[PDB]
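Only this structure's heavy atoms are used, side chains among them; waters, hydrogens and symmetry mates stay out. To find a chain, count down the sequence lines: A is the first, B the second, and so on, and within it residues start at 1.
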Amino acid sequence: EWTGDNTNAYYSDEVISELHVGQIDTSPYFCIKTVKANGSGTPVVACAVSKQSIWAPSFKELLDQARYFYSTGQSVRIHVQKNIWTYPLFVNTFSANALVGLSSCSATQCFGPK
Amino acid sequence: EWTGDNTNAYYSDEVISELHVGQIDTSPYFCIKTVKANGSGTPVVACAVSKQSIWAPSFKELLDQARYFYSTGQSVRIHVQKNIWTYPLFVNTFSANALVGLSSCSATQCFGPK
Amino acid sequence: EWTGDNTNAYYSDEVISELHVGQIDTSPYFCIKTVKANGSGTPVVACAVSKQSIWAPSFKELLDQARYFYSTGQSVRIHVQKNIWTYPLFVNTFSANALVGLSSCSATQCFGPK
Amino acid sequence: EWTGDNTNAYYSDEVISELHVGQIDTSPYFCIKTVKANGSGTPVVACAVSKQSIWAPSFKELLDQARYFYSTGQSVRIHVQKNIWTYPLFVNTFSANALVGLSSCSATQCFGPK
Amino acid sequence: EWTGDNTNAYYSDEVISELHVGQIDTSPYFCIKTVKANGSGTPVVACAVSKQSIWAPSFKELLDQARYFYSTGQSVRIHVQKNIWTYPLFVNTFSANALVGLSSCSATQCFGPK
Ligand SMILES: CC(=O)N[C@@H]1[C@@H](O)[C@H](O[C@@H]2O[C@H](CO[C@]3(C(=O)O)C[C@H](O)[C@@H](NC(C)=O)[C@H]([C@H](O)[C@H](O)COC(C)=O)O3)[C@H](O)[C@H](O)[C@H]2O)[C@@H](CO)O[C@H]1O
Ligand SMILES: CC(=O)N[C@@H]1[C@@H](O)[C@H](O[C@@H]2O[C@H](CO[C@]3(C(=O)O)C[C@H](O)[C@@H](NC(C)=O)[C@H]([C@H](O)[C@H](O)COC(C)=O)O3)[C@H](O)[C@H](O)[C@H]2O)[C@@H](CO)O[C@H]1O
Ligand SMILES: CC(=O)N[C@@H]1[C@@H](O)[C@H](O[C@@H]2O[C@H](CO[C@]3(C(=O)O)C[C@H](O)[C@@H](NC(C)=O)[C@H]([C@H](O)[C@H](O)COC(C)=O)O3)[C@H](O)[C@H](O)[C@H]2O)[C@@H](CO)O[C@H]1O
């Protein structure tokens, strides 16, 4: 598996606008919401759950990188795998998107797979 | 269990105004005090104890996130479970509230369970 | 045991003014010096030694919090247990005080036991 | 092996201009892109994969230092070993360079092997 | 053993001027270069190797502290044990000094052994 697999979705020119940390089923988790830097489109919500999904091994690196990009407000590409989380009230509050990578974005390209 | 269970309480548009770190019964712990950004309401105090309560697995993430939000002074939602901590002098100094999540707020927003 | 036990001493309205990191007997340790925010009184010197004293479990959280409050320069209450360290040259350089907690202070009170 | 082996390559007077974090084959990884501080030359890309290559033991230190130099924007020397990564779509997106060290640079010399 | 052993050397009123991170013999390492705040004297170089020397247990704490003092540029006392590293290309690039402690300095004294 790879962040860059074409079975994963991605959204360019996004800004991490919200950050949440919590716990579910003995597992710390975090969620982010991102919006287009230019104000178009609809928001993206993605979460990482420490003890769950094939992406669990990168939980710490993703949380640290999310905090970093959240704190600068820079434009990034968010990479997700859709339809991962399954507890309905969790998905309702957040989404079923697993966060699988984060890329900085230059003026006219993003530094990550497409 | 989940941060967003309806048996947990939450408080919105709060600012983390104080932070304490200590040890009790061989456990590092931390506590926070939050006040409404606009000066209304009554202060909220919540604590996390590494090694105690069902929320112990999320101690590190919550301590890191509390420090982050403390440093920015931004408005947040604090999620708690009431009536958890026992030692009466500890409760009297701080509270019996376990900290169970932290969410950012964007203009009385709050990105977390509701 | 608890940071707030009345067998521990505390000092309010202090600022962390020096920081040292070293190793002794295979243990990383750190020490801090605090002074009253108004410059009155005598400095408080306290140390934490990674594998030693009943306060060993909180070494990492105390080191991180000491660095945090040192870098902000904000007023704090420092909590210590006296007469812990024993190596004379170490005690003469620093002190015998074990660091057992750190509380942020407002202008009117400190967020911690007293 | 050593960062400074003459079988590694290095590039001086660079600035870390992009940063990406993801997961591949159960390993967190990160990649950076660097460009000449003075606008000359061609960009350099290098990656570190947490449990792959001889350089895996330094994954955390390299990620922390890459983030540090990325956030300061200061001039650095980047050290790489060529032709390490092999998944073609990964190499196409980033490169086959393994990141093996990072050195601060003054206006005249870089503090690292040469 | 102790940072303050009289068999260790130290240099007061120094500023950390350069920082390098790499790997040698499967171990992360870092080096720092320091110069007198007054711009006098010869530079001091010292290195820490995770996994090597009796000071290996404090590698993480010294790296974190070196990074901190590097970012502030404040005056510090550097504590070293001479003649520890022996790979000649390494020593010639950096030095044989093992870093064994870091102390903040005021105007009257540095907060560490002497
Ligand atoms: C009238 C019309 O043509 N409308 C658009 C068309 O403009 C868009 O084409 C370009 O898309 C560009 C960015 O492409 C990505 C991206 O990098 O973010 C590619 C992603 O593969 C795609 N992700 C998914 C799951 O499809 C992503 C999203 O479509 C997009 O980011 C919207 O996200 C949200 C939640 O709002 O876009 C860039 O946006 C250029 O402006 C576009 O011209 C086209 C693709 O977006 O769709 C047509 O409807
Ligand atoms: C006349 C009247 O109705 N007065 C108030 C009414 O205005 C309040 O409604 C709005 O509440 C908003 C905040 O809502 C929450 C919050 O998210 O912070 C919902 C929480 O569920 C609630 N938590 C608990 C345990 O009750 C929390 C607290 O009630 C509130 O934060 C005060 O807490 C403290 C310690 O001070 O409020 C917002 O404040 C709007 O401006 C209000 O219009 C309503 C809810 O507070 O109660 C009525 O008594
Ligand atoms: C006519 C001519 O000879 N042109 C250039 C010549 O100017 C260059 O000489 C000086 O090189 C200086 C930098 O040296 C290094 C470096 O530290 O960056 C040595 C490195 O070993 C080398 N790395 C590799 C893998 O070969 C590196 C790269 O060549 C260089 O950094 C460019 O890399 C990229 C991706 O653009 O240079 C410095 O640049 C001086 O200003 C130069 O005068 C000479 C070496 O670059 O090459 C000749 O073609």
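- Proximity to chain B is limited to the backbone of A/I32, based on heavy atoms less than 4.5 angstrom apart.
- Side-chain atoms of A/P28 and B/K60, non-hydrogen and from C-beta on, never get closer than 4.5 Å to each other.
- Closest of all the heavy-atom pairs between B/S58 and A/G22 is OG-O, 3.8 Å.
- Heavy atoms closer than 4.5 Å to chain A are found nowhere in B/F59, neither backbone nor side chain.
- With contacts defined as side-chain heavy-atom distances shorter than 4.5 Å, the pair B/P57/A/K51 qualifies.
- No other option in B/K114, B/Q109, B/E1 has as many heavy-atom pairs under 4.5 Å with chain A as B/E1.
- Residue B/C110 does not touch chain A at all, counting heavy-atom pairs closer than 4.5 Å.
- The distance from atom CG of B/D64 to atom CZ of A/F30, rounded to the nearest 0.5 Å, is 12.5 Å.
- Taking A/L89, A/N92, A/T93, A/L19 one by one and counting their heavy-atom pairs under 4.5 Å with chain B, the maximum is reached by A/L19.
- Using the six-membered ring where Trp is involved, A/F90 and B/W2 have ring planes that are tilted, between 30° and 60° apart.
- Inter-residue side-chain proximity for A/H20 and B/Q65 is flagged as unmet; no heavy-atom pair is nearer than 4.5 Å.
- When all heavy atoms of A/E18 and B/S104 are compared, the pair lying nearest together is OE1-OG, 2.8 Å.
- Between A/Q23 and B/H79, the closest side-chain pair of non-hydrogen atoms is not below 4.5 Å.
- Proximity to chain B involves both the backbone and the side chain of A/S71, based on heavy atoms less than 4.5 angstrom apart.
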